[PDB]
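Okay, structure first, notes after.
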Amino acid sequence: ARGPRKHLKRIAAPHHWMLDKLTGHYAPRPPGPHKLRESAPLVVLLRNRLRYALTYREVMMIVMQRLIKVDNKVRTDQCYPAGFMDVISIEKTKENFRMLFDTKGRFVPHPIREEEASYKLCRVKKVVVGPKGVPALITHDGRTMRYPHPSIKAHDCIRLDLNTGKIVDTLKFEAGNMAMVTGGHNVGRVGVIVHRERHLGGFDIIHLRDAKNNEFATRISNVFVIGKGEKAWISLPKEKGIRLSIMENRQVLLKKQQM
Amino acid sequence: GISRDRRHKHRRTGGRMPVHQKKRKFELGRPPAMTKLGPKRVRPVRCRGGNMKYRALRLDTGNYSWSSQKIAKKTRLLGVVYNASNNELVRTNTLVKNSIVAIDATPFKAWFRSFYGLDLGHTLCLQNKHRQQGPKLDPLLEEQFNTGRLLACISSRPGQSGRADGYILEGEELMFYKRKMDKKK
Amino acid sequence: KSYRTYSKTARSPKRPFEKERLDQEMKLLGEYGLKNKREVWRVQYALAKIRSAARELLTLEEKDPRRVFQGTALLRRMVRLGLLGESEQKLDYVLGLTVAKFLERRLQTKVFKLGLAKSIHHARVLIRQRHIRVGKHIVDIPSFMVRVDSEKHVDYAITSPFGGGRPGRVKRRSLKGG
RNA sequence: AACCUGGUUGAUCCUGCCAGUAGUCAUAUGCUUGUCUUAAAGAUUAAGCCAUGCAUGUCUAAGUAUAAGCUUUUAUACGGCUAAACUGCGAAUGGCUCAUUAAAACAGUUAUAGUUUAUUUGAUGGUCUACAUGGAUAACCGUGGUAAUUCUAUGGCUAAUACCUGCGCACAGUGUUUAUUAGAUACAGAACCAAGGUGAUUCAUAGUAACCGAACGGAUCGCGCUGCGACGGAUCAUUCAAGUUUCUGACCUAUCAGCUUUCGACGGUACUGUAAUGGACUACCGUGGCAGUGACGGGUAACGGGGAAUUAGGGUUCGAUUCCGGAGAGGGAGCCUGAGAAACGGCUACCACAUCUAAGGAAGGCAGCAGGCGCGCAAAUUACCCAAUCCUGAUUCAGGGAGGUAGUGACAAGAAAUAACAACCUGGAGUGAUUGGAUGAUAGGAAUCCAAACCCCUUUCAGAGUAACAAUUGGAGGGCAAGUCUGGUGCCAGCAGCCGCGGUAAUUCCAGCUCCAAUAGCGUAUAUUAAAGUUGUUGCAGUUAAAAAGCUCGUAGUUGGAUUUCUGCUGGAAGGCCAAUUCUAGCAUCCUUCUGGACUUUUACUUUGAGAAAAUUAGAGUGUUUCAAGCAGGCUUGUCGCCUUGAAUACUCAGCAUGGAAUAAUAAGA
RNA sequence: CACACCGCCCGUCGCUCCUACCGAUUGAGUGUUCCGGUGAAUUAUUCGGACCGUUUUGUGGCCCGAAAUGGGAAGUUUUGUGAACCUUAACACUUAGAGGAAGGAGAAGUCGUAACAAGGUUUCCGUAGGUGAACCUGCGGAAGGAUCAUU
């Protein structure tokens with residue numbers, strides 16, 4: 001009541017962080033570009049994915065060196081919400097991490113090449129006219145690129161340059177274009193787009209087809225266009241967003257563990 | 001204070017509504033400034049957000065747009081003439097929205113001489129061009145000008161803005177309110 | 001307040017006094033050398049988890065994707081645990097299990113089966129007195145239950161007199177005393 | 001484990017309850033208690049009352065340093081380092097409790113074109129003495145008052161990112177307030193004259209005519225013609241939110257049937273008010289709104305839900321309590337500051353309690369953490385620390401009874417000691433204190449653990465022979481497993497959940513001996529679940545056992561006859577198995593407007609799909625020594641370690657969407 | 001009825017105890033909200049202007065005449081929000097009461113004999129009247145009768 005809540009609790013955290021039940025009563029709380037449940041804070045990358053830090057203390061000792069950057073910019077706050085399709089860049093080690101969705105429905109820092117780690121994609125939420133009658137995009141990231149093409153519509157991605165501010169490569173939202181899912185049940189799945197239903201009132205949905213010919217649906221808010229009909233602007237994680245079945249995921253896992 | 005909420009007062013069934021909560025600041029109202037004629041005074045009320053909302057208390061003057069001619073002049077007020085809601089507000093001369101008011105009409109008469117040169121009671125070319133471009137003036141507005149007055153509807157909310165603005169009455173609105181002025185007489 | 005799950009391993013029967021029941025339980029104490037009737041009811045309860053799992057699965061359909069997944073996981077446990085033999089992998093066979101199958105698999109018997117212990121009672125005392133290496137590390141607890149690849153592996157602990165260490169304490173008292 | 005035994009009779013078969021039995025990860029209580037792991041704990045009644053101490057503070061190269069402070073380096077504005085104080089930000093989170101509260105709250109599901117939003121992230125912007133504007137305030141110094149406090153006056157200096165002013169092109173910006181034009185879209189054109197964005201708008205935005213000062217357009221700070229970032233503040237998104245808001249949903253009660261209104265009840269017009277929408281409020285005007293499908297009122301030993309207990313299925317009862325909402329800080333009410341409070345570890349007032357007083361006055365709110373009194377059947381230490389987990393701040397550094405660690409602890413859950421083996425009478429493997437030699441309970445080290453102790457796990461010097469290191473708790477007529485034993489008592493004392501024992505031979509009392517059941521536990525009391533097909537939808541009963549209105553009409557309610565493109569052959573894609581089963585195109589006269597959706601009356605129903613927090617629950621994987629658990633691990637003389645490591649998945653009426661030939665409502669009747 | 005007609009068993013009356021009921025006292029106390037009355041504090045508003053300073057002249061060669069006009073205290077006007085207390089009434093819940101009159105329990109008393117057999121007047125129903133008590137009688141029913149039955 002009475003104002004914004006400064007604590008978040010463990011358990012009442014998101015499940016896709018995979019913070020454990022014991023070993024803490026509270027969990028780190030991420031406001032930044034991204035939402036609370038559609039992001040992951042910079043602490044649980046460093047300690048609970050990348051395994052650089054042990055403790056919450058040690059993440060302060062890393063981040064206040066000014067070694068961590070995101071989007072070619074130094075972020076000093078340890079609880080910064082670093083979300084979908086943000087680049088992370090550490091100068092020592094000289095390795096870069098683009099955050100994608102894993103096929104199971106988790107965040108994972110996908111390691112990438114140095115030339116690839118310049119650019120990143122931003123799907124545009126809407127397009128809107130600012131003052132002096134100038135046009136302007138706005139993104140899922142909460143950037144606002146201005147003077148686009150007239151070409152560029154809602155619900156489609158743009159390759160940003162990052163080294164400079166400006167856009168470079170557009171993409172369109174149509175049938176036969178590659179598209180990852182960012183939320184809901186089918187998260188972490190990439191497939192070409194077959195068809196979308198309108199439903200003139202609320203909630204457009206899209207059916208789309210995995211590269212092993214599995215068909216599945218999501219709302220348009222969740223869908224995020226990568227690239228053209230086959231091929232893709234970005235590098236993909238392990239499995240490339242197929243999501244193999246429950247008995248298959250059993251068989252591959254226990255076949256691994258026997259060595 | 002003044003509670004705007006629906007937790008007091010009845011249900012649609014005619015049943016008392018249970019209330020288990022104390023009054024909330026976001027369910028606020030405030031005492032109404034029945035603003036009037038006089039020399040200007042105005043009070044900045046600090047509202048939710050931090051945002052200021054300026055309460056009128058006495059207003060002499062106002063910006064009033066003539067619609068057809070497409071001009072607006074700053075003008076003094078004389079008196080409140082009619083109100084739709086309450087006859088007590090006309091009795092005290094209380095300015096509110098939708099309230100019909102008297103106006104000097106010497107700003108418009110000076111403009112109408114200067115712009116057109118038909119009048120009421122090198123350029124010349126510019127005046128002629130303006131006349132061709134836009135001056136017949138209704139028969140009732142011709143009679144209305146002779147007194148040195150006009151009639152006009154207050155369009156702004158004085159309590160929120162801290163400002164009397166309006167527009168001049170013309171055509172069907174003007175013919176309408178001339179009935180209900182004359183009917184009480 | 002603390003986030004720790006917990007459960008009950010056993011539960012008592014509805015009839016306290018039946019001569020049919022009390023005789024057949026007393027045989028299972030006498031064969032396998034058990035402390036009390038809770039140790040039977042533990043295994044009685046532990047079977048009924050596995051049995052009610054198979055009872056749920058077996059009603060459906062052999063081509064149903066729930067049964068083919070959850071059945072094959074359940075059959076892996078019974079092969080691993082050495083409870084059902086590998087020649088029959090049918091889910092139907094799990095139903096034909098008994099308490100004697102579980103109680104032959106625990107470490108009281110598998111010591112005795114090994115034969116080092118000699119007698120059922122002695123085997124329990126050897127387990128609790130810190131002998132008998134199962135695999136790499138020694139095990140203190142009668143109700144262990146062995147996973148069939150591990151069963152060949154049971155041997156006396158490296159430490160201890162049977163094993164080849166200091167001879168406890170009482171042999172030293174005789175040896176140093178003399 | 002989808003379970004049943006005793007009791008009505010001289011005996012039988014019934015209906016039928018009473019008693020027995022079992023569970024609770026439900027309280028209380030009795031007797032008993034060796035070990036290690038985990039761990040509920042002043043909820044029930046008194047949301048009754050509180051002594052003492054503690055629980056919210058905070059500083060960077062970067063707002064303000066003349067401490068009459070420190071410190072060795074010695075600086076003509078300012079060497080650094082810093083007490084104190086001003087300014088900034090926080091104190092509205094967290095924690096605790098369950099008294100209120102029954103279409104209220106809450107839950108899932110919409111909407112915000114009906115709005116505010118510190119901060120974060122990204123944008124934007126010359127247009128109005130400019131080598132720099134003004135005068136007061138602490139701390140400090142001097143000095144008092146009062147019995148007394150986080151009471152403070154008079155006098156003298158001095159600061160700003162405090163407070164307040166305030167020129168400016170390279171008439172004239174942006175914002176506010178009103179008026180008002182554009183904001184196009186199913187088709188081509190001809191002749192004559194004077195192009196953002198939604199399903200959808202009055203939206204974005206541009207333009208025109210004026211309005212006001214009450215708001216922005218930097219009089220700020222650090223490292224280094226020139227870079228980097230600290231702070232400030234406006235508009236627009238963004239994010240953390242919050243406020244309203246659509247639909248559907250709840251326990252008992254009819255010995256509650258008619259509620260609501262002139263003083264807002266239901267609606268209309270026009271104000272007002274609000275952050276905005278609204279009878280939210282005010283004027284006039286109409287006479288409505290809800291109810292037998294339960295309105296209105298009453299009861300709750302009622303905060304709601306996620307969930308918990310309960311061994312077929314269907315259910316019944318519980319949910320103060322780990323998470324998410326809600327409400328409250330003795331009772332009510334009012335209000336300041338701020339982005340945000342109707343705040344109580346903020347203030348003002350009354351009422352109810354209560355503290356100090358020198359008797360004039362002053363101060364108080366443990367349903368925060370311990371602790372005490374009192375209520376009770378009923379509940380722990382006035383302990384140590386920010387090391388883990390997170391949060392606040394000017395912030396790598398400071399603070400935190402949030403939180404963690406220990407103590408008390410048979411509320412509870414898990415594992416399992418109290419012996420084992422020999423040789424030396426019953427002989428068809430068990431006994432026999434007859435001797436006999438072969439691991440921790442304990443006590444103290446070592447290292448390990450720990451913020452500092454402590455426990456666990458390792459290894460150590462001692463450490464059992466009636467293994468005196470001695471297992472108890474309830475029973476022995478039936479139900480109910482186990483003595484027609486032996487003394488004492490004599491319808492006495494007492495037992496006895498029910499039936500029944502006791503009147504001088506007691507298979508039940510009070511003892512002894514022996515045996516039975518469970519076992520570090522077991523008995524009792526209350527509530528609750530199964531048994532209960534003794535509340536019956538699945539699933540009872542109503543001739544005589546409990547029970548068919550004396551009999552007809554009858555409105556809702558419930559339930560309603562048959563009947564409307566069925567058959568056949570030829571493909572196609574799949575398909576299990578040594579052609580069946582799915583789905584689908586044609587042809588028997590079968591639409592089209594176009595290049596996937598429009599029409600087929602409308603739903604229910606069923607199918608698949610969307611979206612819906614975790615914890616808990618089921619469940620994949622994994623030797624926490626087993627196990628309850630936990631979410632970890634596993635390989636390996638290799639070192640940018642690898643398994644491009646794992647932590648799957650299901651589950652969550654009403655609402656949104658969709659394929660479909662029956663069934664059932666419903667519509668109709670060119 | 002089964003201890004078997006020396007059976008079983010009904011009601012008044014008498015004695016002792018326990019539980020509830022009616023009951024004059026215009027009973028009693030606690031709690032709740034209804035109109036009405038008085039009404040603390042306070043938002044807003046009205047005037048008000050302790051003394052703080054901006055210019056303007058006055059005047060002693062930065063003091064004091066004063067006139068304009070920003071800031072703003074105490075006090076004050078009218079509203080609304082409205083605690084608290086009181087009167088009346090109603091509703092809710094505990095609670096006293098002389099006397100009256102139920103039910104069950106004792107464990108055995110007094111008076112009958114009503115029912116169970118044709119229980120010695122068959123039993124029973126509805127209704128009415130009467131009597132120490134069970135009960136009795138009138139009118140119409142029923143077999144649960146003591147008759148499934150005869151021009």
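The way I read the labels, and the way they are meant: chains A, B, ... in the order of the structure tokens, residue 1 as the first residue of every chain, and ligand 1 as the first ligand shown, with later ones counted on from there.
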| field | Counting only C-alpha atoms (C1' of nucleotides), chain A residues within 7 Å of chain D, as number ranges by chain | value | A: 2-7, 11-15, 23-28, 31-35, 60-61, 64, 128-129, 133, 142-144, 200-201, 217-218, 238
Mind writing the picked residues with N, CA, C and O atoms as a tab-separated table (two decimals), in the first residue's frame?
```tsv
chain	number	residue	atom	x	y	z
A	2	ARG	N	0.20	2.41	-0.20
A	2	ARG	CA	0.74	3.74	0.12
A	2	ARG	C	1.93	4.22	-0.74
A	2	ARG	O	2.47	5.30	-0.48
A	3	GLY	N	2.32	3.46	-1.75
A	3	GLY	CA	3.60	3.67	-2.43
A	3	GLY	C	4.23	2.39	-2.96
A	3	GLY	O	3.71	1.30	-2.72
A	4	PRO	N	5.36	2.52	-3.68
A	4	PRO	CA	5.98	1.39	-4.37
A	4	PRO	C	6.78	0.50	-3.41
A	4	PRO	O	7.41	1.00	-2.48
A	5	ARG	N	6.74	-0.81	-3.66
A	5	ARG	CA	7.39	-1.80	-2.79
A	5	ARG	C	8.87	-1.95	-3.15
A	5	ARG	O	9.20	-2.30	-4.28
A	6	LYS	N	9.74	-1.69	-2.17
A	6	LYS	CA	11.19	-1.68	-2.39
A	6	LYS	C	11.82	-3.07	-2.32
A	6	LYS	O	12.85	-3.31	-2.95
A	7	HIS	N	11.22	-3.98	-1.54
A	7	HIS	CA	11.63	-5.39	-1.51
A	7	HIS	C	10.84	-6.23	-2.51
A	7	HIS	O	9.68	-5.95	-2.79
A	11	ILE	N	10.82	-16.92	-4.00
A	11	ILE	CA	9.57	-17.63	-4.28
A	11	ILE	C	8.58	-16.75	-5.06
A	11	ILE	O	8.17	-17.11	-6.16
A	12	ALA	N	8.21	-15.59	-4.51
A	12	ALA	CA	7.51	-14.55	-5.28
A	12	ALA	C	8.33	-13.90	-6.41
A	12	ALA	O	7.79	-13.11	-7.18
A	13	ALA	N	9.63	-14.21	-6.50
A	13	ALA	CA	10.41	-13.97	-7.72
A	13	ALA	C	9.89	-14.78	-8.92
A	13	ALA	O	9.14	-15.74	-8.74
A	14	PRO	N	10.30	-14.39	-10.15
A	14	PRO	CA	10.13	-15.26	-11.33
A	14	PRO	C	10.84	-16.61	-11.21
A	14	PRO	O	11.92	-16.68	-10.63
A	15	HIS	N	10.22	-17.65	-11.76
A	15	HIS	CA	10.79	-19.01	-11.73
A	15	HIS	C	11.97	-19.17	-12.69
A	15	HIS	O	12.90	-19.93	-12.41
A	23	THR	N	18.67	-20.54	1.48
A	23	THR	CA	19.87	-19.72	1.26
A	23	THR	C	19.51	-18.28	0.91
A	23	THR	O	20.01	-17.72	-0.07
A	24	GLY	N	18.64	-17.69	1.73
A	24	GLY	CA	18.06	-16.38	1.47
A	24	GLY	C	16.56	-16.38	1.68
A	24	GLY	O	15.87	-17.33	1.29
A	25	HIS	N	16.06	-15.32	2.31
A	25	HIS	CA	14.62	-15.05	2.40
A	25	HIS	C	14.13	-14.13	1.28
A	25	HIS	O	13.02	-14.30	0.78
A	26	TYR	N	14.98	-13.19	0.88
A	26	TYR	CA	14.67	-12.24	-0.18
A	26	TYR	C	15.47	-12.52	-1.44
A	26	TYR	O	16.44	-13.26	-1.41
A	27	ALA	N	15.03	-11.94	-2.55
A	27	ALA	CA	15.70	-12.10	-3.83
A	27	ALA	C	15.99	-10.72	-4.39
A	27	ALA	O	15.29	-9.76	-4.04
A	28	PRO	N	17.05	-10.61	-5.27
A	28	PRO	CA	17.29	-9.24	-5.77
A	28	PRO	C	16.12	-8.73	-6.59
A	28	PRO	O	15.51	-9.50	-7.32
A	31	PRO	N	13.67	-0.22	-11.92
A	31	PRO	CA	12.97	-0.07	-13.21
A	31	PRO	C	13.97	0.32	-14.28
A	31	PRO	O	14.77	1.23	-14.07
A	32	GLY	N	13.92	-0.37	-15.41
A	32	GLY	CA	14.82	-0.11	-16.51
A	32	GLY	C	14.23	-0.61	-17.81
A	32	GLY	O	13.31	-1.43	-17.79
A	33	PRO	N	14.74	-0.14	-18.93
A	33	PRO	CA	14.23	-0.57	-20.23
A	33	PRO	C	13.12	-1.63	-20.18
A	33	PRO	O	12.11	-1.48	-20.85
A	34	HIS	N	13.32	-2.67	-19.37
A	34	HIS	CA	12.51	-3.89	-19.44
A	34	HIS	C	11.63	-4.07	-18.20
A	34	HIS	O	11.84	-3.41	-17.18
A	35	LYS	N	10.65	-4.96	-18.32
A	35	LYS	CA	9.72	-5.27	-17.23
A	35	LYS	C	10.36	-6.18	-16.18
A	35	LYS	O	11.45	-6.71	-16.39
A	60	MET	N	29.03	-6.08	-6.37
A	60	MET	CA	29.39	-4.66	-6.18
A	60	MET	C	30.86	-4.39	-6.48
A	60	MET	O	31.20	-3.37	-7.08
A	61	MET	N	31.73	-5.30	-6.04
A	61	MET	CA	33.18	-5.20	-6.29
A	61	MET	C	33.56	-5.38	-7.77
A	61	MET	O	34.58	-4.85	-8.20
A	64	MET	N	31.50	-1.88	-9.79
A	64	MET	CA	32.09	-0.57	-9.48
A	64	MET	C	33.56	-0.42	-9.89
A	64	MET	O	34.18	0.61	-9.62
A	128	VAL	N	4.83	7.00	-33.82
A	128	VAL	CA	4.12	8.15	-33.25
A	128	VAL	C	4.84	9.46	-33.61
A	128	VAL	O	6.06	9.49	-33.73
A	129	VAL	N	4.06	10.52	-33.79
A	129	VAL	CA	4.59	11.82	-34.22
A	129	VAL	C	4.90	12.67	-32.99
A	129	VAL	O	4.02	12.87	-32.14
A	133	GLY	N	6.18	18.30	-35.74
A	133	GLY	CA	5.72	17.31	-36.72
A	133	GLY	C	6.73	16.28	-37.20
A	133	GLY	O	6.66	15.84	-38.35
A	142	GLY	N	12.36	0.53	-25.01
A	142	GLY	CA	12.08	1.88	-24.51
A	142	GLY	C	13.08	2.91	-24.99
A	142	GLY	O	13.19	3.99	-24.40
A	143	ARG	N	13.81	2.60	-26.07
A	143	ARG	CA	14.43	3.61	-26.91
A	143	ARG	C	13.38	4.31	-27.77
A	143	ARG	O	12.24	3.85	-27.87
A	144	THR	N	13.78	5.42	-28.39
A	144	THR	CA	12.92	6.15	-29.32
A	144	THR	C	13.74	6.71	-30.48
A	144	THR	O	14.21	7.85	-30.45
A	200	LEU	N	-11.18	-8.31	-34.65
A	200	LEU	CA	-11.20	-6.85	-34.62
A	200	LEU	C	-11.84	-6.33	-33.33
A	200	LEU	O	-13.06	-6.17	-33.24
A	201	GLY	N	-10.99	-6.08	-32.33
A	201	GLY	CA	-11.44	-5.74	-30.99
A	201	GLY	C	-10.34	-5.85	-29.96
A	201	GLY	O	-10.04	-4.89	-29.25
A	217	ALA	N	0.83	-21.65	-31.61
A	217	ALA	CA	0.27	-20.29	-31.64
A	217	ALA	C	0.77	-19.44	-30.47
A	217	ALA	O	1.15	-19.97	-29.43
A	218	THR	N	0.76	-18.12	-30.67
A	218	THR	CA	0.97	-17.14	-29.59
A	218	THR	C	0.31	-15.80	-29.94
A	218	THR	O	-0.05	-15.56	-31.10
A	238	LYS	N	21.84	-23.01	-28.42
A	238	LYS	CA	21.75	-24.46	-28.59
A	238	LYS	C	20.33	-24.91	-28.95
A	238	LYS	O	19.36	-24.43	-28.37
```
| task | Taking the DSSP assignment computed from this structure's backbone, write out as a count of residues only all residues of region 34-162 of chain A that belong to strand (DSSP E or B). | result | 45
Sorted by chain and rising residue number, which residues of chain E lie within 10 Å of chain B, and what are their closest atom pairs and distances in Å to one decimal, counting only C-alpha atoms (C1' of nucleotides), as a Markdown table?
```
| residue | atom | partner | partner_atom | distance |
| --- | --- | --- | --- | --- |
| E:42 | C1' | B:1 | CA | 10.0 |
| E:43 | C1' | B:1 | CA | 7.4 |
| E:44 | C1' | B:31 | CA | 6.1 |
| E:45 | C1' | B:33 | CA | 9.1 |
| E:79 | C1' | B:31 | CA | 8.9 |
| E:80 | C1' | B:31 | CA | 7.1 |
| E:81 | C1' | B:1 | CA | 4.7 |
| E:82 | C1' | B:1 | CA | 9.1 |
```
Put those residues in a file: N, CA and C atoms (P, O5', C5', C4', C3', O3' and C1' of nucleotides), as a PDB file, in the first residue's frame.
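Produced file part.pdb, reproduced below:
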```pdb
ATOM      1  P     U E  42      -6.882  24.130  15.552  1.00  0.00           P
ATOM      2  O5'   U E  42      -7.239  23.706  14.060  1.00  0.00           O
ATOM      3  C5'   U E  42      -6.522  22.655  13.387  1.00  0.00           C
ATOM      4  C4'   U E  42      -7.264  22.224  12.143  1.00  0.00           C
ATOM      5  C3'   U E  42      -7.588  23.324  11.143  1.00  0.00           C
ATOM      6  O3'   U E  42      -6.462  23.617  10.319  1.00  0.00           O
ATOM      7  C1'   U E  42      -9.490  21.941  11.463  1.00  0.00           C
ATOM      8  P     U E  43      -6.492  24.867   9.313  1.00  0.00           P
ATOM      9  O5'   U E  43      -6.981  24.218   7.943  1.00  0.00           O
ATOM     10  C5'   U E  43      -6.212  23.197   7.285  1.00  0.00           C
ATOM     11  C4'   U E  43      -6.920  22.724   6.037  1.00  0.00           C
ATOM     12  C3'   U E  43      -7.291  23.797   5.025  1.00  0.00           C
ATOM     13  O3'   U E  43      -6.194  24.182   4.201  1.00  0.00           O
ATOM     14  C1'   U E  43      -9.129  22.343   5.342  1.00  0.00           C
ATOM     15  P     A E  44      -5.961  25.728   3.841  1.00  0.00           P
ATOM     16  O5'   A E  44      -7.328  26.148   3.135  1.00  0.00           O
ATOM     17  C5'   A E  44      -7.609  25.772   1.774  1.00  0.00           C
ATOM     18  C4'   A E  44      -9.005  26.200   1.381  1.00  0.00           C
ATOM     19  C3'   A E  44      -9.284  27.700   1.416  1.00  0.00           C
ATOM     20  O3'   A E  44      -8.863  28.337   0.213  1.00  0.00           O
ATOM     21  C1'   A E  44     -11.047  26.531   2.489  1.00  0.00           C
ATOM     22  P     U E  45      -8.430  29.879   0.222  1.00  0.00           P
ATOM     23  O5'   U E  45      -9.724  30.618   0.788  1.00  0.00           O
ATOM     24  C5'   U E  45     -10.812  30.999  -0.076  1.00  0.00           C
ATOM     25  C4'   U E  45     -11.930  31.637   0.719  1.00  0.00           C
ATOM     26  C3'   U E  45     -11.653  33.028   1.264  1.00  0.00           C
ATOM     27  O3'   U E  45     -11.850  34.017   0.256  1.00  0.00           O
ATOM     28  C1'   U E  45     -12.701  31.696   2.930  1.00  0.00           C
ATOM     29  P     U E  79     -23.129  30.252   8.140  1.00  0.00           P
ATOM     30  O5'   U E  79     -22.563  29.502   6.854  1.00  0.00           O
ATOM     31  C5'   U E  79     -22.254  28.095   6.877  1.00  0.00           C
ATOM     32  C4'   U E  79     -21.415  27.727   5.677  1.00  0.00           C
ATOM     33  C3'   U E  79     -20.967  26.276   5.615  1.00  0.00           C
ATOM     34  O3'   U E  79     -21.990  25.454   5.061  1.00  0.00           O
ATOM     35  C1'   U E  79     -19.099  27.673   5.267  1.00  0.00           C
ATOM     36  P     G E  80     -22.689  24.313   5.949  1.00  0.00           P
ATOM     37  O5'   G E  80     -21.690  23.082   5.791  1.00  0.00           O
ATOM     38  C5'   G E  80     -21.585  22.386   4.536  1.00  0.00           C
ATOM     39  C4'   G E  80     -20.166  21.933   4.285  1.00  0.00           C
ATOM     40  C3'   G E  80     -19.688  20.749   5.106  1.00  0.00           C
ATOM     41  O3'   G E  80     -20.194  19.522   4.589  1.00  0.00           O
ATOM     42  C1'   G E  80     -17.991  22.400   5.014  1.00  0.00           C
ATOM     43  P     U E  81     -20.547  18.311   5.579  1.00  0.00           P
ATOM     44  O5'   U E  81     -19.113  17.816   6.061  1.00  0.00           O
ATOM     45  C5'   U E  81     -18.213  17.173   5.142  1.00  0.00           C
ATOM     46  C4'   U E  81     -16.871  16.921   5.792  1.00  0.00           C
ATOM     47  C3'   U E  81     -16.880  16.122   7.084  1.00  0.00           C
ATOM     48  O3'   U E  81     -17.085  14.728   6.880  1.00  0.00           O
ATOM     49  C1'   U E  81     -15.422  17.954   7.322  1.00  0.00           C
ATOM     50  P     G E  82     -18.267  13.976   7.657  1.00  0.00           P
ATOM     51  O5'   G E  82     -17.978  14.333   9.183  1.00  0.00           O
ATOM     52  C5'   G E  82     -16.883  13.713   9.884  1.00  0.00           C
ATOM     53  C4'   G E  82     -16.525  14.485  11.134  1.00  0.00           C
ATOM     54  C3'   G E  82     -17.408  14.255  12.348  1.00  0.00           C
ATOM     55  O3'   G E  82     -17.103  13.034  13.014  1.00  0.00           O
ATOM     56  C1'   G E  82     -16.898  16.562  12.144  1.00  0.00           C
TER      57        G E  82
END
```
| field | Contacts of region 203-209 of chain A at 7 Å (only C-alpha atoms (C1' of nucleotides); same-chain gap of 2+ positions) as a PyMOL selection string | value | chain A and resi 191-199+211+213-220
| task | Could you list, as a PyMOL selection string, the residues of chain D having an atom within 8 Å of chain C when counting only C-alpha atoms (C1' of nucleotides)? | result | chain D and resi 21-22+25+322+413+420+438-439+480-481+519+620+625-626+628-629
